[PDB]
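As a starting point, one isolated chain is supplied in structure tokens, in the form deposited in one PDB entry.
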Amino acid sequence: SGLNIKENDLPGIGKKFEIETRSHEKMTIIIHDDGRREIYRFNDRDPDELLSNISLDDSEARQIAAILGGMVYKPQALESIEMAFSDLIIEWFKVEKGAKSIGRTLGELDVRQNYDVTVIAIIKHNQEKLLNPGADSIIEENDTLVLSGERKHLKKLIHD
């Protein structure tokens, strides 16, 4: 369930992350300051044996990271997640029928000001994602809100 990750500075070059999974599999990610990533996969039992490696530019790396991280397709069973080494909880809430928010804006609800919750995205029924909504974003039926904040504050906002 829990990763082991060893990080080391590569002075003037970038950083190195050596990851070991629950499955007993090893991956090393080198991030260069110019944006290039190199990934190496090693034999579990014999880490001197390289299994595969790949180079990626900054754009490629971020696209793959968005897919892997559930930013393109979100696993349907996960309703909330908790960041490692953090209390920050991200929660996906679908506005039901007859919620008081329906038809009202982020500014009118004053979500961040009055609840300390940040709406980081809005998923429409047509499934397009609006990133960083602002005060004038209207909340509608069946829209999914992507909320970031502390659990206490999230419960409060949802309850209201």
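Note that residue numbering begins at 1 and tracks the sequence as displayed.
Keep in mind that the form deposited in another entry is missing from the display, and what follows is about it.
- Item | Same rigid block between the shown form and the other one (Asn53, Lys74) | Same part, yes.
- Comparison of CA distance in the other form with shown form for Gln63, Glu91, at least 3 Å: More distant in the other form, by 3 Å or more.
- Message: Having a change of 3 Å or more in the C-alpha distance between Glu82 and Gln76, I'd like to know whether it is closer or farther in the other form than in the form here.
- Response: Distance between the C-alphas of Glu82 and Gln76: shorter in the other form, by 3 Å or more.
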